[PDB]
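A.B. asks: Turn this into a structure:
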Amino acid sequence: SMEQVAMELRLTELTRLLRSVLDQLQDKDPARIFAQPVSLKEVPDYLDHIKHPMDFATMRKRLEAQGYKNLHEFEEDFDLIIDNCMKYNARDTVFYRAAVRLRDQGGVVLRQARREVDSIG
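C.D. replies: Residues are numbered from 1 along each chain as shown. This is the structure:
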């Protein structure tokens, strides 16, 4: 049907918007602390602490598989990157501090993406 293509044209354009958003969020992590998953060979106990690991490469695989149905799902994954870090790492660490910064700096980008998604459907 022609209805499923119109949707596929929107999902695709939602994918195009979220890709740009992801690039902008990742620019706020120049140390690349959140780039890749936490290594299980280097932190073997990680999963005893964190039940839903998240990172930018894992979000990118999902994104290119058009696996985000809306902005809220995308934001949930971003929030996990931050919240995981703030739990696992203590307050006086480079890692916790990098998450506080990414959160604060991402807020501006996610503000405008809510308006852009609403505005363009």
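
A.B. asks: Find the residue at the geometric middle of the chain.
C.D. replies: Residue closest to the mean C-alpha point of the chain, counted by Cα atoms, centre = their mean, is residue 78 at 3.2 Å.

A.B. asks: count of residues packed around residue 42?
C.D. replies: By other Cβ atoms under 10 Å, 7 other residues sit near residue 42. Heads up, the C-betas are built off the backbone N, CA and C, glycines and all.

A.B. asks: Which residues are in contact with it?
C.D. replies: By Cβ atoms under 8 Å, 6 or more residues apart in numbering, no residues touch residue 42.

A.B. asks: Could you tell me how far it is located from residue 36?
C.D. replies: Going from residue 42 to residue 36 by Cβ to Cβ, to the nearest Å gives 11 Å.

A.B. asks: so the residue nearest to the centre of the chain makes contact with residue 106?
C.D. replies: Yes: at 6.6 Å, residue 78 and residue 106 qualify as touching, with contact defined as Cβ atoms under 8 Å.

A.B. asks: which residues are common contacts for these two?
C.D. replies: Contacts common to residue 78 and residue 106, judged by Cβ under 8 Å, 6+ apart, are residue 25.

A.B. asks: Let me know the distance separating the residue lying closest to residue 74 once chain neighbours are set aside from residue 83.
C.D. replies: Distances taken as Cβ to Cβ, 6 or more residues apart in numbering place residue 68 nearest to residue 74, at 4.7 Å, with adjacent residues excluded. Separation of residue 68 from residue 83 (Cβ to Cβ): 18 Å.

A.B. asks: List the buried residues in stretch 87-105.
C.D. replies: Across stretch 87-105, burial judged by 16 or more other Cβ atoms under 10 Å covers 88, 89, 96, 98, 99, 102, 103.

A.B. asks: Would you mind finding the longest helix in this structure?
C.D. replies: For the chain, the helix with the greatest residue count under DSSP state H is helix 94-120.
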